[PDB]
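Chemist: A single structure is presented below for examination.
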Amino acid sequence: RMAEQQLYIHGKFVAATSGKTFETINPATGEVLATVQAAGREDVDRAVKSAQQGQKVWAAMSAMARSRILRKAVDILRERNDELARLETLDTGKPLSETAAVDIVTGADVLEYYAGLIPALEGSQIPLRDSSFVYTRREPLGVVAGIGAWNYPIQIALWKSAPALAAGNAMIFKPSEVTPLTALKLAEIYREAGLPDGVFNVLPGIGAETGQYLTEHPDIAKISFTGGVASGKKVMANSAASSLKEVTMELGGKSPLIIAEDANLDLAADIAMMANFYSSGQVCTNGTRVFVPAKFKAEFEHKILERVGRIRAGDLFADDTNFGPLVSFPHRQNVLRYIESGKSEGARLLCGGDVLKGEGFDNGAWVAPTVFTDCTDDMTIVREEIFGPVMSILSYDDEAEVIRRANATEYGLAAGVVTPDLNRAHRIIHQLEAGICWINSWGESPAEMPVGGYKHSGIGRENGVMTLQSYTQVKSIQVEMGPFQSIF
Amino acid sequence: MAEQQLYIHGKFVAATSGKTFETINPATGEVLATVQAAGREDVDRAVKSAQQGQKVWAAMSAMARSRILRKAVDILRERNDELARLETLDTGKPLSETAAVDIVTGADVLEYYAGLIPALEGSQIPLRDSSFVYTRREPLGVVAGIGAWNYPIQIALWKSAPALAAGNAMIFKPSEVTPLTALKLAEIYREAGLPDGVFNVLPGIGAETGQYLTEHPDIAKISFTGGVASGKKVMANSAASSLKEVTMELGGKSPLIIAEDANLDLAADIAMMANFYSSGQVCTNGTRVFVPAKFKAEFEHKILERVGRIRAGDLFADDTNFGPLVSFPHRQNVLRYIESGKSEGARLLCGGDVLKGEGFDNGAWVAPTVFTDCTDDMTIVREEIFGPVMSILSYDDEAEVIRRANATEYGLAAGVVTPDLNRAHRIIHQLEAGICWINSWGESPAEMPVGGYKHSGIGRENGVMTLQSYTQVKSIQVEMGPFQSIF
Amino acid sequence: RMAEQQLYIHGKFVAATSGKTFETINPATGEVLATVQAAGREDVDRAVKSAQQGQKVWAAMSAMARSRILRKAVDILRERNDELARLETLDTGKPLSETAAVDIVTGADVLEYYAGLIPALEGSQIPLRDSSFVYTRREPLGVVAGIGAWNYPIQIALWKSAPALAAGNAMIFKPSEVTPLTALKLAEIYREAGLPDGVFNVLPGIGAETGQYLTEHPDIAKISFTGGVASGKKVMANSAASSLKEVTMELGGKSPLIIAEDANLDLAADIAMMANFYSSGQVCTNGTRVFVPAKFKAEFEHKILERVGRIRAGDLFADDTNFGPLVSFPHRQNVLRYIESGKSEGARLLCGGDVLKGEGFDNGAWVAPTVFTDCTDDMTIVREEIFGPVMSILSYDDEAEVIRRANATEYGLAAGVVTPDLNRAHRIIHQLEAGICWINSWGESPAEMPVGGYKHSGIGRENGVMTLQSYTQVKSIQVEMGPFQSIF
Amino acid sequence: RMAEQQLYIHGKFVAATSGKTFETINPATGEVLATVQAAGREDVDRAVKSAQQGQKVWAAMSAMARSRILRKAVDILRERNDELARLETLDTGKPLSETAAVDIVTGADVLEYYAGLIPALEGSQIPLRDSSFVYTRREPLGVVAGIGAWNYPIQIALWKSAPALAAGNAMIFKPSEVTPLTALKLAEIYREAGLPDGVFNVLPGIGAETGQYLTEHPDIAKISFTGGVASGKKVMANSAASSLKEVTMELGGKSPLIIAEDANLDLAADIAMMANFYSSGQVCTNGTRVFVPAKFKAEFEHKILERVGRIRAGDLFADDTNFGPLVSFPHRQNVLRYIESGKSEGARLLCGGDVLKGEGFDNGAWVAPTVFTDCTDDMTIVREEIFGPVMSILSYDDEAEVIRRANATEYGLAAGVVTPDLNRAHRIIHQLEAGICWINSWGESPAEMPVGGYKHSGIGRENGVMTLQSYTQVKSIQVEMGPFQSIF
Ligand SMILES: Nc1nc2c(ncn2[C@@H]2O[C@H](COP(=O)(O)O)[C@@H](O)[C@H]2O)c(=O)[nH]1
Ligand SMILES: Nc1nc2c(ncn2[C@@H]2O[C@H](COP(=O)(O)O)[C@@H](O)[C@H]2O)c(=O)[nH]1
Ligand SMILES: Nc1nc2c(ncn2[C@@H]2O[C@H](COP(=O)(O)O)[C@@H](O)[C@H]2O)c(=O)[nH]1
Ligand SMILES: [Cl-]
Ligand SMILES: [Cl-]
C-alpha cells in the first residue's frame, strides 16, 4: 500500500488541518490505493497565501526564465512517463496501453507548447493623435484555481496549469476525489524543475468542501473547471456569489458522428469505435450519437459488432489490453441505469448491456462494450451523456435532417463527419453547433488547437494561443502629453 | 409623450405582460412617459424574432454588414442633437454633455466595429503533411445586453456594436430609469437596413424582464452594466439557467494619485473632471483623490475655486455643466452616504446638501460635495457613491499610496498625475485597475479595451478583443491520412 | 477625342515642365483618345515635395478621419462605376461586360476594405522587466510610388493606393503609358472625397523616363510595381542602387490548372476557359498550362472546342460581347510570334491561331482565341508567359508527376486543382509552389486574401491585413526606467 | 595556427573545388590565425542542392521536433560559451570581457526565442460566404542565404539562422572573410544538436566571388545581408537581376543621441560612452552624433574626458580590459583617414586621434578613443559612418532644431534621447526617423524587439515575431464549394 497522501503547499507536503481524509479505490480490484488528506477551509486559506507569495516571485522573473523552468518540468515528465502512467492506470482503471501513450504525452505536449510561447505574450500600442497614445499590458490574474475531473487526471492538471503558469499566475489545483494521486506527483515535479514555492499547490478533497472553499475564496481571480454539466453550473454560480471570478468550464457532451452516404464503412466503423470505447467510454468528447444512412445501417451494424468482438479487456498492465473497468463502482451503477433505460424505452441491444464476469472481472467495475441501435431522438440514452461504453446508432435519410438532429441538443462540445467529398465535409461541419469538429478522424487534440464547448458544454477554451491570453487581464494605459482641458 | 411599446422584429408591439412603469424627468419630477414592460412571453417572442434575424444577418457578406452599421452611424450623426435632448430629459444630464459625448462616442464605437467586420479571421495550423486544423469565429447567436441609466444610448451602442458586428442578434433591456433612447436606436438600426429581429428592445424592470433574459435557454451570452449587487445576481442566474457566457462592467472606487512633482492646477482640473461630470454618475470616476500631505492645503484651495465655477441650472442652457441626479430615490441614497461622511469624522469642504430655490426645488439635485481629512476605513471612501462626492486623502510616500490605492475590492480605473517619465509608468504598472490614465481622465477611445479588475468587472468592452469575444471559436481538424483504430 | 490630359499634382491638374507628350490610342479603333503630358525629372521632384507636404497633414489626422475620407471616395466610385468602366474599355479594349462588373467594383472593394482597417493598425508592447519595457509604432513610410500596368489600370491604382493611403502615406502613381486615363480620374475622385492635396499625385509618362525618375528619387521610401517579369527585375535593381527602397512586385506567371481524374469535365472546361480567355488572355494569374489526365484528354479537348466556339468578339459596349482585342498592335505581334512558335515546335493547334479580319476588326489588334494541345514541357509556349489568349493542354498520368511538372518553372504566381475529393484537393494544393491557389474555381481575389507570387513571379503581397502593415515601418522604442550602467 | 579550414556542406567539412584560399589575421598581433578555403561557383551549387534536400526533411518534421533540435543547439552554445568567446576574441579583436558576456549569450538568446515560437506560426482563415472560404499557409521560402559581417560574427550568424531555421528553411551562411571561424563552429554545433544535414551550410569566401555566387543562384529564395551601405546596394541589385529574391538588409547608421536640457549629465555621459566605445566603436547602432545643449557643452565635454581616461586597453584576455584593437589593419587605416578629415575641416580634437603605441600595442590595429567637439552638420566625420571609436559632439539650442538635425541624414538605424520628462521622451522619440530608439539607455536589443533601419540603413527587420513570419511566404487558398460560373 501507499503512504498516506498529504497536501502540497509551498513546495512541500504538509498535513491538513481539517481532521478529515478519504480513500481512493483501485477500480480493477476494489482495494484501497491510499488514504488521502482533505483540505479544509483553513488549509485553503493557507494555500492562497502561499500562492500569493509564490506568484510574485514567479512574475518578477524574466519570460525566458519562466520558459526554462517549465521546459525542465517537461523533461522530467518525459523521463517519468511510464512511472506516471502506471500510477494513473492504478487510480483510474484505464489500460496502461492508453495512459503511457496519451495521458502524460499530451499533457506534457501542452506544457511544452506554452513554455515556448511565454516570450511572445505581448500587449498593444494604439496611437490616438500626435500628443497622446495608448498601450496595454497583459498582466497576470494573480492566483487562479483549477478543479480537475477523474477521467484524465494528470492531463487535465497539465492543461490547466500550463497556460496559467505560463501567463505568470500561481494555480491552486484540486484533483477529483476519485483520482488524486498523479496531481500530487506533478506538484513534486514542478518543484524539482525550479518552480518557485507556492506557484503550484495541490489540495485533495471533496467537491462540497474543498472545491467550494476555492470557488468562494475572495483572493482567487479565476476558476477553471472540468467535470459534469450539472456540477459546472453549480461551480459557476458559487464563483459569482463570492467575488465575481472569471470562469472557464469544460463540461460533457452528446457529440454527433455523422456518417455520410459516400463514406467507406470500415473507416466509419473504426472512427465510431475510437469515438465510443476509448477509456471505456469515459471521454467528454465521445461520439455517442452515431448517425448512419438508412441504406447503410445494417451493414454498419455488422462492422461495429465485428470490431466490438476484438475488444480486449483484462490485465490493465498487459500490452494487448485495450479496455478497462469504469473509474468507480458508483459510476458503474449509473451507467447500468442508463443501459436499463435504453432497454425499457425500446432501443435494440446489439451487444453488451451487462457487467463483465469471471476471474479478474468480478472485483472490478467492469461494463461490457454496449451498442444500441434503432435509437430515436427522444430516448434517454440519446439525450443524456452516459460517460460509459454505450454507443447509440441512429438512422437518417438526408443531409438537412441529420444536421438538424445533430444540432438539436443543449450539448455542444464536439462533432464529426465521415466523407471523402470536399464540399460535403466542409459544408456539413460549418453548420454543426460544436466547438471541436473532426473530419475523417476522432479524438486528436493538438496543443495548438483551442477546444471547448458550445451551449451547455462549456465556457471559454483550453489550448491554443488564445488560452495563454485568457489567463492574463488587460490593462489599458493612456499617455496624455497634451494639456488637459476641464469644462469646470 | 405617447405610451412607449416594446420593439420586436422591426416594429413597435404591445407588451403581453399587462404591466407598465413610469420614467420620471429628474429635473421636474414629472412623468416623461409610461412604458410597457416585457413579460416572460415577450422575451420568448424577442428571442424567436432574434433567432430568425440573426440567420439573415449572418448569411450576408461581411462588407454588407459593415455598410448597414455605417448607415446607422450616419443617421446617428444627423440626429445627434435630437437624440441628446431626449437623453437629457430622461437622465438629467446637461445638454452640454449629451450633445457632445453620449451619441458622439456611442456612434464612434459603432463606426469602429463596422470597419473591423471584414478583418474578423480564423486561424490555420499545420500539424503534418497529412493533417491540418483551421478555426472559425462563429456568431454566438442571440445575445442579451442589460444597460445602465447613466449613459443610456452610449451603453446600448457599446454593447450592440460589437455584438452585431460579430454576426449576432442582440436583445437589449435598457434600465427602467432611462428607457427612451434605446427605443429610438432600434428604429434607427431598422432605418439603416438592419434585418428585423437583429436588435430588439425590451423595456422593463430588472427583477422581471432582466431576469427573464438571463434565464432564457436560447440566449448564449449576457452583457451587463450596473452595480455590483445586481451583477452577482445576473451572473448567478445566467449560470444556473443555461451556462451563458457573461460580461460585466460594474462600478468602482477608482484612485487618482497626485504625485509630489505634479502641477496642482492640472491635478485639480483632473480631479474635477474625474468627480463631477454627469453629476458624479460615472462608473470610472476617480472618487478617491490621493494628494501629498505637503500640498494638501493648496490642492483643497484649488478644488474649492473650481467648484465655485460649477453652473447648475436649465439643462438646455449652453453654459449649464451640472445636472440633477437621475432619480429621487438615487438622491436619497447619495444623501445617505454624505451623512455617513459627516458622522464618521470626514471634514466637509463644500456642498453636502440638496440645492434649493426656483428651478431646483422640483429636481433631484445634490450640490457638488467634497470631503477631506478622509481615512481608509470611512464608508464614503470604501463604497461607490455614484454621486458628486469627492474624497481627498493625504499620503506621505509612493509605496504607501500604491498600497492604499490597491487596498480595495474594486478594480475599474486609476490614474496618476506627474511629469516624470519613470514615476508615471512605474506607478501605473503597479495599480490593480483595467483603465489607467496618465495626466488625464475619462477618455475611452473605441480602440482601447476597458473593464474592471477584481470585483469591478468580467471581460472587456471596446477594442478588437471585444469583437472577438462576441464570437465563439470552432476548431476543425482535416485528417487526410488513414485513421488508425486500436480496436 | 478628349481634352489634353495633364499631370495631377497637389490637388489640381498642372502642365508638365518636360515639354514632352505621348498619345493613348483606342485599341478597338486606332483613334487617338488623347494627348497626354509626360512627367519629367523636375515634375517628379515637384510631385515628391507636394507628396511630402500632404503626407504630414494626412498622417496628423485621426484614424477615423482618414477612414471617412477613403469611404467617401468609395461612394463616388460606386456611383460612377459605369462611366469609369466605359473609359476603361476605351483605353484598354476590354469589354464593358468585364470593366463594368470587375475593374471598379473590385478596386473599390479593396479601398473600402482598407478604409475600415485603419483604426485597427496597432503596435506592440513587450515587458522586459519591472524597470524596462518596449513598445513599437507602425509609422508611415512617407512618400511611396506605385507603377501600374495596362491590363487593369484603375483596379491596380486602387489596389496600390488604398493600403498605402490607409497606412498614412502619400503615393505618387505612374500609370502605364498605354492606359493613363482612369488614373487621372481617380485622382480627382480622391480630392473630391476630401483627400488632402498632395496625398495622391498622378504622373503619366513612359517607363524609360518617368518610371525611372521615380525609382531613382532619393526621398521615395518604397516602390510598388505591377508588370512583366523582365521589367520587374530592372525596376527592383534601380530602386536598390539609388536609395535602397523597399520594394513590392506583382509580376507575370505560367500558372498550372490541374484537372484531377475524378473531375467533372464540364466544370473543368468552364474553369479552363475562364482561366485563359478573360480580358482576352491579358491576365497575370491565368491558368495557361492546363494539365489533363491522358484518359480524359480527348473528351476534354472536345469540350474546350465547343466553349471556344461560343466566344463573342464584337462591339465592346454591347452586352453580349465577352472578348476584346489585345491592347496594342505590338503586343499582338508578340502573341502571334508565340503562336507561330507553337506550330513550328510541333504542338497541335486545336483552334484559333490567326488575327481576326473584316468589318469592325481591321482597326484593332484582335487575335482569335487559341488552344494548343499535345504540348510538352520543353515547348516555348509552355515555358513562357504569352499574355494573350493561348491555352496549352498537357496530358499527364499520375499525381506525383503532375505536381512535379506544375512546379518545374521559375514562375510562381497562381495554381488550381479541379477535384471533388477532399484529400486530393488539399493534398495537391499544399504541394504547389504558388502564392494564389484556387480549388474548383479561378480568378476570384477577395480584398481579404493576400495575393502575390512565389519565385520569379513577385516580391511581397497585395491585399489582406498584411499589406496594410507592409506600408508601415516598425519603430521599436525601449523605455529604460532603471539606472543606466556604463562599463567605462 | 590552425589547419586549413574547409567548407561545411551537408553535415560535414568538405574541401573546396575552387582552388582558392584566404587568411584571417589576429588584429592584436598581426599573426595569421588560419588559412581558409573559399567556396567556388560549383561549391555554391553543391551547397544549394544539399540545402534543398535537408530543407525537405526539416520541414516535414513536426513543429515541436524542430523546436527541440534548436533548443539542443542553445544548450550546447551555453555550455561552450567561453570556448566560443575566446575564438571570437582571437578573430575579431574584441575583448573577452565582451565576447564572453554578449556575443554568444545574445545570439543564443535569439535562437532560444525562435525555437519556442515555431508552434505558434499560424496561417489564417477567412469566410467569404456560406459556399466558399479562404485559408492561408505560411510556407517556408525554401533555401535562403545569409551574408554576415565581421563585428559580431557568431551573433549575426545566429540572428539570421535562428528565424530562418525556425520558419522551416535551410540557410547557406557566408561569414565575412575577416572573421570566418565561429560560423564554422556553429555549423558543427547545429549538427550535433540534431539539425538534418544540409539545413545549415557554411561557405567562407570573399564578397566579390562567394557572396556574388549566392546572390545570383536561381534556387535561393531570399538573401539576408548585414554590412555597409555600399555593399548592401550592390548585393540587393545583383539579387534582383538574377532571380528576384526577397531581401533583408541591416546596414550602418549615423545614429543621434539627443541630450535634453533637463538631462542629468553623468547619465548622459555614461550613455554616450556606451553608445560610442563598445566594441571599439564597431557597432552599426552607435550613437556617433551626440547633440548637447549649448549651455551644458563645456561641462559635458569635461565629463566625457574624465570617462575616456578610464578606458582600459590591453590584453584582450585580461579581466579588466574593456577596449580592443580594430578588426583589421586596413580598417584602422580608414578610421585614421576619417580622423584626419576631422582635423582638416576644423573639428576640435578633445582626446585621442592617434594609434596606440608601446609594448603590447605596436603589433595591433589600435586606435585611441577619439572625441571631436565643436562639430557641425556638414563635416565629413558628422555625415559619414566611421565604424571606429570616434564620437562627434554637436551643440544645439532648441528642441525643434535638434529634431530637424537628427533627422537630416540618409541613415536611419538608431536614435536615443536622455531626459527624465515623460512628455519630452515620448514626444521627441516619436518624431525621430529611426527604427531603433532608446530612452535613457543605449544598445540593448532584446530577442522580442524588431530591429532594422529607416531610409538607407536597411530593408526589413530582424528579431521579434515579425521576423519569424518574414522567413515564410504566404499561400492563399480558396475553397469554392458553389457551382463555378463561366461567362463563355
Ligand atoms: N463530463 C463528465 N461527467 C461526469 C464526470 N463525473 C461524473 N460525471 C457525470 O455526473 C453524473 C454523476 O456525477 P457525481 O454526482 O457522481 O459526481 C453522471 O451523469 C456522470 O456521468 C466527469 O468528470 N465529467
Ligand atoms: N505580365 C506582364 N507582362 C507584360 C505586361 N506588359 C507587357 N508585358 C510583356 O512584355 C512584352 C512586351 O511588352 P513591353 O513591356 O516590351 O512593351 C511581352 O512579353 C508582353 O507579354 C504586363 O503588364 N504584365
Ligand atoms: N556598417 C558597417 N560598415 C562596414 C562593415 N565592414 C566595413 N564597413 C565599412 O565599409 C567601408 C569599406 O570597408 P570594407 O567593407 O572594405 O571592410 C568602410 O567605411 C568600413 O568602415 C560592417 O560590417 N558594417
Ligand atoms: Cl514505475
Ligand atoms: Cl424636441
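Chains as they are written, first to last, in this note's numbering: chain A, 1 to 488; chain B, 489 to 975; chain C, 976 to 1463; chain D, 1464 to 1951. The beta carbon of each residue, even a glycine, is placed where N, CA and C say it ideally should be.
Report the start-end ranges of each alpha helix (DSSP H) in the stretch 364–399 of chain A that is 4 residues or longer and not cut off at the edges.
Modeler: Runs of the alpha helix (DSSP H) inside the stretch 364–399 of chain A: 380–383.
Chemist: Going by DSSP, what residue range makes up the alpha helix (DSSP H) through C/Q1257?
Modeler: Here C/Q1257 belongs to no alpha helix (DSSP H), and DSSP marks it neither H nor E.
Chemist: Buried or exposed for A/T376, going by 16 or more other Cβ atoms inside 10 Å?
Modeler: A/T376 should be labelled exposed.
Chemist: Assuming A/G198 contacts A/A51 under a Cβ cut-off of 8 angstroms, what Cβ separation, rounded to an integer in Å, is found between them?
Modeler: With a Cβ gap of about 5 angstroms, A/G198 and A/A51 count as contacting.
Chemist: Rounded to a whole number of angstroms, what is the C-alpha to C-alpha distance between A/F22 and A/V178?
Modeler: Using only the alpha carbons, I get a separation of about 9 angstroms.
Chemist: Are the C-beta atoms of B/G655 and some chain C residue less than 7 angstroms apart?
Modeler: It does not; no Cβ of chain C falls within 7 angstroms.
Chemist: When every heavy atom of ligand 5 is checked, does at least one fall within less than 6 angstroms of the C-beta of B/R573?
Modeler: Correct: B/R573 has its Cβ closer than 6 angstroms to ligand 5.
Chemist: Is D/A1612 near ligand 3, judged by its Cβ being under 6 angstroms from some heavy atom?
Modeler: Yes, the beta carbon of D/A1612 sits closer than 6 angstroms to at least one heavy atom of ligand 3.
Chemist: Flag this pair as touching only if the stretch 817–830 of chain B and the stretch 848–855 of chain B have three or more C-beta atom pairs under 8 angstroms; answer yes or no.
Modeler: A contact exists between the stretch 817–830 of chain B and the stretch 848–855 of chain B.
Chemist: Can you find a heavy atom of ligand 1 that lies under 6 angstroms from the Cβ of C/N1382?
Modeler: Result no, Cβ not under 6 angstroms from ligand 1.
Chemist: Establish whether the CB of B/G603 and some CB of chain C are separated by less than 7 angstroms.
Modeler: Interface residue, yes.
Chemist: Considering just the uninterrupted stretch of the alpha helix (DSSP H) at A/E112, what are its terminal residues?
Modeler: Residues 104–117.
Chemist: Scan the stretch 1260–1292 of chain C for residues whose Cβ lies nearer than 9 angstroms to a Cβ of chain D and list them as they occur along the chain.
Modeler: Listed by position along the chain: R1282, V1283, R1285, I1286, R1287.
Chemist: Count the other CB atoms within 10 Å of the CB of B/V814; is the residue buried (16 or more) or exposed (fewer)?
Modeler: B/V814 should be labelled buried.
Chemist: Using 10 angstroms around the beta-carbon of A/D270, count the other beta-carbons present and answer buried if the total reaches 16, otherwise exposed.
Modeler: Classification for A/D270: buried.
Chemist: Per DSSP, what are the beta-bridge partners of D/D1884 in this structure?
Modeler: Looking at the DSSP assignment, D/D1884 forms a beta bridge with B/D908.
Chemist: Taking B/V689 as the reference, which of B/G945, B/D532, B/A901 has the closest Cα?
Modeler: Ranking the options by Cα distance to B/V689, first place goes to B/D532.
Chemist: Under 9 angstroms Cβ-Cβ, which residues of chain D neighbour B/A912?
Modeler: By Cβ distance, chain D contributes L1885.
Chemist: Residues of the stretch 1210–1243 of chain C in Cβ contact with chain D at a cutoff of 9 angstroms, in chain order, please.
Modeler: Those would be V1210, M1211, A1212, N1213, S1214, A1215, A1216, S1217, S1218, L1219, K1220, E1221, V1222, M1224, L1226, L1242, in chain order.
Chemist: Nearest CA to the CA of A/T24: which residue from A/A60, A/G443, A/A15, A/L90?
Modeler: It is A/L90.
Chemist: Mind checking if C/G1098 is an interface residue toward chain A, Cβ cutoff 7 angstroms exclusive?
Modeler: Yes, contact with chain A.
Chemist: Over what stretch of residues does the alpha helix (DSSP H) that includes B/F764 continue unbroken?
Modeler: Looking at the DSSP string, the run of the alpha helix (DSSP H) that includes B/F764 is 752–764.
Chemist: Would you say the beta carbon of residue 1491 of chain C is closer than 6 angstroms to some non-hydrogen atom of ligand 2?
Modeler: Outside the modelled stretch of chain C, which goes from 976 to 1463, sits residue 1491 of chain C, for which no answer is possible.
Chemist: Looking at A/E83 and ligand 4, is the gap between the Cβ and the nearest heavy atom below 6 angstroms?
Modeler: Result yes, Cβ under 6 angstroms from ligand 4.
Chemist: Would A/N276 and A/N286 qualify as a contact pair, given that the criterion is a beta-carbon distance under 7 angstroms?
Modeler: In contact: A/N276 and A/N286 (Cβ atoms closer than 7 angstroms).
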